[PDB]
RNA sequence: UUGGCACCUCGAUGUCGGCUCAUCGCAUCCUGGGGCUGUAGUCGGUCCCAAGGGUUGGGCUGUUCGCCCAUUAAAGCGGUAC
RNA sequence: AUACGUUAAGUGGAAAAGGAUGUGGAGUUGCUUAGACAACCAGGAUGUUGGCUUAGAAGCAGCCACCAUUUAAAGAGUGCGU
RNA sequence: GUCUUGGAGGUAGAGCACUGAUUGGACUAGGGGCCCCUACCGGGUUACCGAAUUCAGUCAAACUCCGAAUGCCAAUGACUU
Ligand SMILES: [Mg+2]
Ligand SMILES: [Mg+2]
Ligand SMILES: [Mg+2]
Ligand SMILES: [Mg+2]
Ligand SMILES: [Mg+2]
Ligand SMILES: [Mg+2]
Ligand SMILES: [Mg+2]
Ligand SMILES: [Mg+2]
Ligand SMILES: [Mg+2]
Ligand SMILES: [Zn+2]
């Protein structure tokens, strides 16, 4: 069918304030988000009514009319409750640990490795072999999790290193 | 290897190759066939190569019909020699093909399998082709 | 894997365009190929 | 949509004879479980359990031109057809009890069908 | 490269090897970064980006070629009137 | 300058076999509110792995045209496989 | 020079009537090979070679039953030079 036509509701706590130049922001029970959008692309909001008005049908218009809606849904969802993603740490003795606000890890490397986050993204190590990112912006926590995972990608012959919270990895064999 | 059993002359002009084909532009010995689109020569061995490939791909249920046949010979001088003093020696055999000709015809298998076989044979010929099937109205 | 003639191999390969180039991605990494 | 009318009027003759009928939840149904249920039919009521499963709710809303104005809450919902062509479910009610209380496919949304205007509390 | 043609030069455009001095291309020999692997690891194979710098001493032959000895991270291929 | 179309590559301002959900026209044509294609919930067997050979080959050692019934479909196996 | 009219000639193209080349069917005594038994008869085949012959289908600078446009040679009139 078409994603640029699904209407977005607005929970009571969500107080979105439309502003000119498509510079709309949002306020909710977990903080603040804001993004400016394409100028000609039309957006108007009524209570629980997100009118993604599309101009004349073109290529770029057919693209933005969906992308803007998707991002708006993501934004309201985040400011409602935010997102997160776990990180598996398989290892054979690898293990992580918190420190102050930053995060350190001890993979088989010859020295500790550390990662520090920015604001709005809290890292948490519930178990010393499991990590969970957490924050409001979906793409931002995605980026942080990607940075972390990029330290030690999983290994084919034996699942080893960081790993997204549940995903199939290929598996060859040596002899 | 196709070649005549005896010829009148052994050396012979090359001649021009303009204009559409005289005749033989309609498949009538089968169901499908490839039709040329631009003039060229077809070497004695290109034909048999395409034929062997095509007949191997098929499950031998169908049959083939090599329409054209190399008759004109063409010469070539020895290597590293100046120009003049006698035409060269006959070398091989070709067959001119003006656009509109129908080179191969197949009959005895399904449509799509013949289409696949003909496509596979096309990649061995120096020209561009087109898949055409039997005119039902004649 | 790079070549001027890219086309699917398995049944679940796919064809896309990135930065004006033609690409093919699939699960089996051996199928991954890019034109030019 | 040629034979849609055909079968939606054909089911009239098969629905008008009996008094009671019955419905079954559609999904979460193993076809090993479906064939076990079919063989259970073959020993109890051969094919009388309507295993016709190629129908859109229009089937029942156009079979409802006479009576049975209840599929509106079952049509747009999991549906596995059946009927009780023989006398009132003094037997097939407990049959269905033992065949869907914990068996091949769940009971779930099942409410049976119309004997009279009623839907539930059959015996 | 081996050739084909004979457009300039016959009131003169002096050959091949070596020495001194170099410079450019990249279709990369080394070092830098990667994909796939019939990549366990250490070695590899193949392909992609990359021209910054580096890229040997002898024996035998007039020799370029070539073979051999001993090393090196490596002992690159070509143009500039070979 | 006027009017109507096309291209997003600096094509314009260099080349082919071949490859491609680029894009504009012209068509041909199937399915479809009796509801299409997605996506999500379901399932995908019975003398039946049947007369099978290599340990089950119980899905593909590979011979049966490894068929016919229970229906709603199940190919007694699409592929992954094992 | 142009308009009108009359000629000679076998190119482009076409075609298979002649001469060569050539594809696929029909049909073959003559059987070649298998054989039945063939020592020899006679017979299925002949995988015919089935030769022609026939049915369709493609080619030609030194093939032609056909055959232009142009060009060439004249005429008697006209209009220009
Ligand atoms: Mg003809
Ligand atoms: Mg290839
Ligand atoms: Mg001088
Ligand atoms: Mg390069
Ligand atoms: Mg020199
Ligand atoms: Mg030179
Ligand atoms: Mg350009
Ligand atoms: Mg001619
Ligand atoms: Mg002639
Ligand atoms: Zn693939």
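Counting DSSP beta bridges with both partners in the protein assembly as shown, what percentage is antiparallel, nearest 5? Show your work: numbers first, answer last.
On the way: 58 of 60 bridges.
The answer is about 95 percent antiparallel.
Enter the angle in degrees (range 0 to 90, nearest 10) between the Cα long axis of helix A:138-149 and the first principal axis of the Cα atoms of chain A, meaning the one along which they spread out most.
20 degrees
Taking 8 Å as the Cα distance limit and 6 or more residues as the minimum spacing, I'd like the relative contact order of the range D:47-97 as a percentage. Display every interim value, and only then the final one.
Numbers: 30 pairs, mean separation 25.1, N = 51.
Relative contact order of the range D:47-97: 49 percent.
So what's the convex hull volume per residue for the Cα atoms of the range A:67-112, in Å³?
Numbers: hull volume 6.3 nm³, N = 46.
Hull volume over Cα atoms, normalised by residue count, gives 136 Å³.
In a Gaussian network model over chain B where Cα atoms closer than 10 Å are linked, find which of B:91, B:48, B:105 has the largest mean-square fluctuation.
With Cα springs under 10 Å in chain B, the top fluctuation among B:91, B:48, B:105 is at B:91.
Any idea what angle helix B:44-57 forms with the longest principal axis of chain B, computed on alpha-carbon atoms, 0 to 90 degrees, nearest 10?
So the helix axis and the longest Cα principal axis differ by about 20 degrees.
With just the Cα atoms defining each centre, how far is the range A:6-79 from the range D:1-78? Give it in Å.
About 46 Å separates the Cα centre of the range A:6-79 from the one of the range D:1-78.
What order do you get for B:65, B:41, B:93 when you list them from fewest to most C-beta neighbours inside 10 Å?
Values: B:65 15, B:41 18, B:93 22.
Ranked by crowding around the Cβ, least crowded first: B:65, B:41, B:93.
Give me the distance in nm between label points sitting 7 Å out from Cα along the Cα-to-Cβ direction at residue A:17 and residue A:111, one decimal.
With each label point 7 Å from Cα toward Cβ, the separation is 4.8 nm.
Along Cα→Cβ, 7 Å out, is where each label goes; now give me the distance between the ones at residue B:49 and residue D:111 in nm to one decimal.
7.5 nm
Would you mind ranking A:77, D:84, A:167 by Cβ crowding within 10 Å, fewest neighbours first?
A:167, A:77, D:84
What's the long-distance tail for the range A:15-81, i.e. % of Cα pairs beyond 17 Å? Working shown, then result.
Values: 849 of 2211 pairs.
Here the long-distance tail beyond 17 Å is 38 percent of all Cα pairs in the range A:15-81.
Compute the helix-to-body angle for A:59-81: its Cα long axis versus the longest principal axis of chain A, expressed 0 to 90° and rounded to tens.
Rounded to the nearest ten degrees, it is 70.
Over the range B:23-138, what is the mean sequence separation of C-alpha contacts under 8 Å (at least six apart), divided by residue count, expressed as relative contact order in percent? Before the final figure, lay out the partial values.
Numbers: 208 pairs, mean separation 58.4, N = 116.
Rounded, it is 50 percent for the range B:23-138.
Going by how many other beta carbons lie within 10 Å of each one, how would you line up B:101, C:1, C:34, fewest first? Each step should come with its number before you reach the end.
Numbers: B:101 24, C:1 10, C:34 14.
Ranking B:101, C:1, C:34 by Cβ neighbours within 10 Å, fewest first, gives C:1, C:34, B:101.
Rg and Dmax of chain A, using alpha carbons, in Å: what are they?
Radius of gyration, then largest Cα-Cα span, for chain A: 20.6, 65 Å.
From the Cα gyration tensor of the protein assembly as shown, with a ≥ b ≥ c the square roots of its eigenvalues, which class applies: rounded if a/c is under 1.5, or else prolate if a/b is larger than b/c, or else oblate? Let's see the in-between values first.
On the way: a/c = 2.34, a/b = 1.40, b/c = 1.67.
Oblate.
Ratio of alpha-carbon Rg to the 2.2 N^0.38 Å globular estimate for the range B:23-138, to two decimals, please. Before the final figure, lay out the partial values.
Numbers: Rg = 16.9 Å, N = 116, 2.2 N^0.38 = 13.4 Å.
Output field value: 1.26.
Running a GNM on chain B with Cα contacts under 10 Å, which residue among B:54, B:17, B:83 ends up with the highest mean-square fluctuation?
B:83
How big is the Kirkwood radius of chain D, worked out from every pair of different alpha carbons and given in Å to one decimal?
On the way: mean 1/r = 0.0676 Å⁻¹.
Result for chain D, one decimal place: 14.8 Å.
Coordinate-derived values only; no laboratory data. Virtual Cβ from ideal backbone geometry, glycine too; neighbours counted across all protein chains shown.
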